[PDB]
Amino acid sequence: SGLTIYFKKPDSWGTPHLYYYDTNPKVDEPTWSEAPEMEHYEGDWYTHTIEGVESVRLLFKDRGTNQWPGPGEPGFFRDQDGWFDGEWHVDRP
C-alpha cells in the first residue's frame, strides 16, 4: 500500500516536510524535527510517499516554525492520495 501526498508550498515557506502519526498499519513515525523532506515535484508542488500505510494523520511543516495545521491541531486524516493546496483533492487541481 502506501500514501503518496502532494503539497503546494506556501510562498513564504522553506521546503516542506511531512510529519505523520497514527499510521495504520503501524509503521515507524518520525519526530516533529525529523519529519522528512518532501521531494520536489513540479513548480510549487512537493511530494512524499509513506510506505506501508493505508491511513495516516499528517501535518505539513518546514525546517522553521511554520506548519499547517497549527501547533497542536490534529493532523489531516488520509485514506488515499493525495493533493493539498489549501483544500484536499484526489487529483492535481
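When you see a residue number, it is the position in the sequence shown, counting from 1.
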Mean temperature factor over C-alpha atoms, higher-scoring stretch between 59-67 and 46-54: 46-54
Chain third (lowest, middle, highest) by recorded CA B-factor, residue given as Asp22: middle
Relative C-alpha B-factor of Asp85, binned into the chain's lowest, middle or highest third: lowest
Assigned third (lowest, middle, highest) for the C-alpha B factor of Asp11: middle
